[PDB]
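Asker: Here you go, one structure.
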Amino acid sequence: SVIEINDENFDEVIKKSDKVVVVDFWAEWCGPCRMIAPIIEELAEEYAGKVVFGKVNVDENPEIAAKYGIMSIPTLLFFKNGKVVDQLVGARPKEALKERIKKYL
């Protein structure tokens with residue numbers, strides 16, 4: 001279940017977990033994003049609550065994008081213990097995402 005991350009529940013999902021949080025930065029007008037969307041959702045089903053998956057709409061939340069320097073979408077951030085540990089810019093194959101995730105399990 002890809003949780004919808006907003007400014008209210010942000011800390012609740014990112015600074016209160018011990019598990020790796022993958023965060024997807026999208027927007028409705030972004031075509032490349034539409035490649036990632038179904039994959040993130042599939043991986044949230046492979047990992048049985050082992051990794052948290054979350055979405056941030058950069059339109060609705062332009063300021064949080066700003067804080068972590070999100071220059072362009074799509075972009076995945078990997079959060080571990082509240083702090084960013086990895087960044088993936090641009091759409092990549094399901095297998096290649098699974099290869100970067102395993103490191104942080």
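Just so we're on the same page: first chain in the structure tokens is A, next is B, and so on; residues restart at 1 for each chain, and ligands are numbered from 1 in the order they show up.
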Can you list, as a list in words, every protein, DNA or RNA residue that comes within 12 Å of residue A:8 when you count only C-alpha atoms, leaving out same-chain residues fewer than 5 positions away?
Answerer: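 Everything that qualifies: residues 13, 14, 56, 61 and 64 of chain A.
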Asker: I'd like the neighbourhood of stretch 3-7 of chain A as a ChimeraX atom specification, where a residue qualifies if any of its atoms comes within 6 Å (using only C-alpha atoms), though same-chain residues fewer than 3 positions away should be ignored.
Answerer: /A:10,54-56
Asker: Store the residues picked out above in a file with N, CA and C atoms, as a PDB file, in the first residue's frame.
Answerer:
```
ATOM      1  N   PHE A  10       3.903  13.426   7.413  1.00  0.00           N
ATOM      2  CA  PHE A  10       5.271  13.182   6.945  1.00  0.00           C
ATOM      3  C   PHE A  10       6.161  12.574   8.027  1.00  0.00           C
ATOM      4  N   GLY A  54       5.841   5.259  -0.317  1.00  0.00           N
ATOM      5  CA  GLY A  54       5.059   6.468  -0.162  1.00  0.00           C
ATOM      6  C   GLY A  54       5.157   7.409  -1.343  1.00  0.00           C
ATOM      7  N   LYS A  55       4.112   8.216  -1.535  1.00  0.00           N
ATOM      8  CA  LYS A  55       4.051   9.114  -2.679  1.00  0.00           C
ATOM      9  C   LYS A  55       3.921  10.552  -2.237  1.00  0.00           C
ATOM     10  N   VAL A  56       4.711  11.432  -2.850  1.00  0.00           N
ATOM     11  CA  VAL A  56       4.541  12.870  -2.662  1.00  0.00           C
ATOM     12  C   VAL A  56       4.201  13.589  -3.969  1.00  0.00           C
TER      13      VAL A  56
END
```
Asker: Given only C-alpha atoms as the basis, pick out the residue of A:21, A:96, A:77, A:89 nearest to residue A:49.
Answerer: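 Among the listed residues, the smallest separation from residue A:49 belongs to A:21.
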Asker: Could you work out how far atom CA of residue A:63 lies from atom CA of residue A:98, giving the answer in Å with one decimal?
Answerer: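 Calculated distance between atom CA of residue A:98 and atom CA of residue A:63 is 28.6 Å.
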Asker: Run DSSP on the backbone and tell me which residues of stretch 63-103 of chain A come out as strand (DSSP E or B); list them as a list in words.
Answerer: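 In stretch 63-103 of chain A, DSSP puts these residues in strand (DSSP E or B): residues 75, 76, 77, 78, 79, 80, 83, 84, 85, 86, 87, 88 and 89 of chain A.
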Asker: Produce a file of the selected residues containing C-alpha atoms, as a PDB file, in the first residue's frame.
Answerer:
```
ATOM      1  CA  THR A  75      12.719  10.812  -8.561  1.00  0.00           C
ATOM      2  CA  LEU A  76      12.841   8.230  -5.765  1.00  0.00           C
ATOM      3  CA  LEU A  77      14.373   9.025  -2.348  1.00  0.00           C
ATOM      4  CA  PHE A  78      15.364   6.240   0.060  1.00  0.00           C
ATOM      5  CA  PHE A  79      14.881   7.293   3.681  1.00  0.00           C
ATOM      6  CA  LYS A  80      16.465   5.453   6.597  1.00  0.00           C
ATOM      7  CA  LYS A  83      17.577  10.938   6.788  1.00  0.00           C
ATOM      8  CA  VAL A  84      18.014  10.483   3.033  1.00  0.00           C
ATOM      9  CA  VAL A  85      20.408   7.619   2.215  1.00  0.00           C
ATOM     10  CA  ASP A  86      19.845   7.276  -1.557  1.00  0.00           C
ATOM     11  CA  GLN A  87      18.435   9.094  -4.598  1.00  0.00           C
ATOM     12  CA  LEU A  88      17.272   7.720  -7.960  1.00  0.00           C
ATOM     13  CA  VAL A  89      16.566  10.238 -10.711  1.00  0.00           C
TER      14      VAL A  89
END
```
Asker: Out of A:2, A:30, A:39, A:20, which residue has the shortest atom-to-atom distance to residue A:94 when counting only C-alpha atoms?
Answerer: A:39
Asker: Report the residues of chain A whose backbone DSSP state falls under alpha helix (DSSP H), written as an MDAnalysis selection string.
Answerer: chainID A and resid 10:14 31:46 62:67 94:101
